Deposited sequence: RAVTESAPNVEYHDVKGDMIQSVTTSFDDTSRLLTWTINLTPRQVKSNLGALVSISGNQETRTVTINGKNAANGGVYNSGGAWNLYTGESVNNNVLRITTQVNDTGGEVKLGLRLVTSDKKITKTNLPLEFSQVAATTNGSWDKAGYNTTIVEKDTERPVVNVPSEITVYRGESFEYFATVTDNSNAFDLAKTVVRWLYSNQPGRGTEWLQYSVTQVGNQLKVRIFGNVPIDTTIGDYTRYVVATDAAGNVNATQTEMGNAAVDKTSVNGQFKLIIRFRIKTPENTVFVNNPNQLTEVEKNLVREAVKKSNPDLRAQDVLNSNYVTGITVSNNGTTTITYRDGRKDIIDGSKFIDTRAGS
């Protein structure tokens, strides 16, 4: 990624008459730094010369003057020469090391109708007339470049997010990073296969905010009353400013196949919200229900839970999935093997 910036002015000779403005553009992929120096000499002349100093954390790659590669005059300072035009640009590109930190650029600039050489460059305004006899400038700039960030961001998400059919939910994840700088657009909640909430869970929504040095990820939505009961693996995948991700596409795929976990993974569990019958079932002996009575009990649980479909229980069969004990305690075993238990005494009276 790129960032375009304007560096600090460390020093500038008030008697300079060339530099119009300086900007910087850093590419954090290549870690190339570009210093752009816009020039409007009062005395254009034919030739432009630039004595360039850079901090030890940079090493020069390219220097262009008026769009063309500058002749390298050679050597703390290095001479570059090229064409002088009234609206000119000197562009200096450096490789920044891995550390980054404060970067500096120093400049001694001239125009001249003479060939500009290392023996004839003036070091101060007062020596200009006797040497290059044109325009002159003298400045130093500084700015700060981030350290190379190779450490992935870390998501903290509940290991399990449980939601209920017919109800809304809201959970929260957090992301941190050593750089404390993130890419919120590339921070998502998704299933394995694509950047989408996933087939069967299209209702899964999220939003991302930066709160201080953390990301706050809201995971929320409304669960349809007829969505599939069971569990799903989903992933919080966050990207830092440098482009590091907590879990890569390859890693997610391996984790899904091997049944292992990645940072940011959670299990999304969809549950039915069970309701105890309010309608009383009357039995002969509350400790030994007859088979006829157990069927009354199953029907009453079905009545009190009308959104519980055959396909929602074990083996898609109400008789298999809703079992009733000798004391009328009812177990509802769902298609996924999870279960709810209703105490029989809650809704069973002795006749």
| item | value |
| --- | --- |
| Sequence ranges absent from the coordinates, based on the deposited chain and numbered from 1 | 1, 77 to 81, 358 to 360 |
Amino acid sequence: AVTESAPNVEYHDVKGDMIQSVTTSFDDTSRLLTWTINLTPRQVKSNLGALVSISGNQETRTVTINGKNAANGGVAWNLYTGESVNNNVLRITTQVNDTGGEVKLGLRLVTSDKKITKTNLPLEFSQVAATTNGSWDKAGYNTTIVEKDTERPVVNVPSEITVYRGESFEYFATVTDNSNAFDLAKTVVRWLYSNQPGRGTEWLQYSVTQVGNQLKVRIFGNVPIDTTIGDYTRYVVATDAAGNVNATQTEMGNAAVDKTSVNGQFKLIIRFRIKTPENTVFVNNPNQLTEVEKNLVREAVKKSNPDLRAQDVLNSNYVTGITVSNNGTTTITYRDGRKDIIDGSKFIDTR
From here on, numbers count along this sequence of modelled residues.
item: Selected stretch [higher average CA B-factor]: 221 to 229 or 139 to 147; value: 139 to 147
item: 23 to 31 versus 303 to 311 - which carries the larger mean C-alpha B factor in the record; value: 23 to 31
item: Criterion, highest CA B-factor; candidates, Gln265, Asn88, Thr132, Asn254; value: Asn88
item: Most elevated Cα B-factor in the entry, residues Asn244, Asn72, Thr201, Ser207; value: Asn72
item: CA B-factor placement of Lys275, once the chain's modelled residues are sorted into thirds; value: highest
item: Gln43 - which third its CA temperature factor falls in, relative to the rest of the chain; value: highest
item: Position of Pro122 among the chain's modelled residues by C-alpha B-factor, lowest, middle or highest third; value: highest
item: Position of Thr333 among the chain's modelled residues by C-alpha B-factor, lowest, middle or highest third; value: lowest
item: Third of chain Cα B-factors occupied by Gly101; value: highest
